[PDB]
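Here we start with a single chain on its own, the form deposited in one PDB entry, put down as structure tokens.
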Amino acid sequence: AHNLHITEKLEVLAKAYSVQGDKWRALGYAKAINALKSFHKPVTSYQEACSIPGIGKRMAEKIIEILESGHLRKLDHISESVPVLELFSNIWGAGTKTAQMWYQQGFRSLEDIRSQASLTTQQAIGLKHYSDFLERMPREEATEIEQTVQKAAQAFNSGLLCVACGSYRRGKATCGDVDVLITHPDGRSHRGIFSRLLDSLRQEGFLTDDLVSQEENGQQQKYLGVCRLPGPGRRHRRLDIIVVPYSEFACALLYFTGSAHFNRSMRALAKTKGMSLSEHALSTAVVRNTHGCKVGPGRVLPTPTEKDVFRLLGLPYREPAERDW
């Protein structure tokens, strides 16, 4: 953590680009910032800048301006719309397009949104839980939530295997939400159980809002919603559940454990090797066109364990706490 004086200013720029919808420029910035944060010693030279992976001339020039003038002139020309765009796209279900649209329509505050904006069902829930959805819970509460789900699941099939993933599995002290993966060792009993589980969890008043939940489909893969533990002092928390076939267990676990950048790096690596990795499977002999798009499926490789995914990719295994990029 040796370049806070520069990265702190870059994260402001990255965030501005992000809420304005400039996703690839923002991405570039993210990789540079992350790089700078892992670099033990204070970069001291424009040459020493380019040196680092994720950093190039453009970014180097910025870092040079910050160490000499102790400032970044671009930070002074960030659009005034940015704080408002950030406020709006912090509503669950509203992204950069929606935020920019609301802004163009003259809205500047959540009060404007509440009173004048047209909201999707999701966004109305997002807004109702605006503050809650910005808070992190202690991992101890995540345990309680996982256990509430696990108990309700194992109540109608004790064979069900339930594991909390995401930041919880990566071992963080606090969690943004709870990610529960459910599967079954028998390979078939996982089918059409959202039906039973969600009903059970609604029965106990545990679920309060549904954000994403295709219950008309017998093939539902995920539930994204909102729960609240019983008793006083409790806040609404975001709950994400996925149910996967046992054969996809390792890939599902890897994906659902993250982090996001870790998943992307893994998947980017797989593609270099003519393979493909998703929450469903690791595939080989994947045929692609000249534009990187999948033109041919290939074969699914057997992956009983996360270790196998690493192995098939020619990588040393990493514990969840080490995937925390």
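For the two forms, the rigid core is made up of the largest set of C-alpha atoms that agree within 1.5 Å on superposition. Start at 1 and count along the sequence shown; that's the residue number.
K.L.:
Of the two stretches 86 to 94 and 228 to 236, which shows the higher Cα B-factor on average in the entry?
P.N.:
Here the higher of the two C-alpha B-factor means belongs to 228 to 236.
K.L.:
Using only the Cα atoms and their B-factors as the entry lists them, report which of 64 to 72 and 278 to 286 averages higher.
P.N.:
Per the deposited B-factors, the answer is 64 to 72.
K.L.:
Looking at 108, 222, 190, 169, which has the highest Cα B-factor in the entry?
P.N.:
Among 108, 222, 190, 169, the highest C-alpha B-factor in the entry belongs to 190.
K.L.:
Between 269, 260, 36, 300, where does the Cα B-factor run highest in the record?
P.N.:
That would be 36.
K.L.:
Would you mind ranking residue 144 by its C-alpha B-factor against the rest of the chain and naming the third, lowest, middle or highest?
P.N.:
For residue 144, the deposited C-alpha B-factor lands in the lowest third.
K.L.:
Sorting the chain's modelled residues by C-alpha B-factor, tell me whether residue 206 ends up in the lowest, middle or highest third.
P.N.:
Middle third by C-alpha B-factor.
K.L.:
Could you say whether, by C-alpha temperature factor, residue 77 belongs to the lowest, middle or highest third of its chain?
P.N.:
Its C-alpha B-factor, which the entry lists for residue 77, ranks in the highest third among residues of this chain.
K.L.:
Tell me, lowest, middle or highest third: where does the Cα B factor of residue 264 rank within its chain?
P.N.:
Lowest third.
K.L.:
Quick check on the deposited entry: does the C-alpha B-factor of residue 100 sit in the lowest, middle or highest third of its chain?
P.N.:
As the PDB entry reports it, the C-alpha B-factor of residue 100 lands in the lowest third of its chain.
Keep in mind that the form deposited in another entry is missing from the display, and what follows is about it.
K.L.:
Quick check on the comparison between this form and the one not shown: with the core aligned, only one of 269, 64, 50, 300 should show a Cα shift of at least 2 Å. Which one is it?
P.N.:
With the rigid core superposed, the residue that stands out is 64.
K.L.:
Once the core is aligned, please say if the CA of residue 280 is shifted by at least 2 angstroms between this form and the one not shown.
P.N.:
Moves: no, less than 2 Å.
K.L.:
Quick one: once the rigid core is lined up, does residue 95 have its C-alpha move by 2 Å or more between this form and the one not shown?
P.N.:
No, shifts by less than 2 Å.
K.L.:
Please state whether residue 109 has a C-alpha shift of 2 Å or more between this form and the one not shown, with the rigid core used for the fit.
P.N.:
No, the C-alpha moves less than 2 Å.
K.L.:
How does the CA gap of residue 22 and residue 292 change in that other deposited form versus this form, closer or farther, if it moves 3 angstroms or more?
P.N.:
Distance between the C-alphas of residue 22 and residue 292: longer in that other deposited form, by 3 Å or more.
K.L.:
Relative to what is shown, are the Cα atoms of residue 291 and residue 276 closer or farther apart in that other deposited form, where the gap shifts by 3 Å or more?
P.N.:
Distance between the C-alphas of residue 291 and residue 276: longer in that other deposited form, by 3 Å or more.
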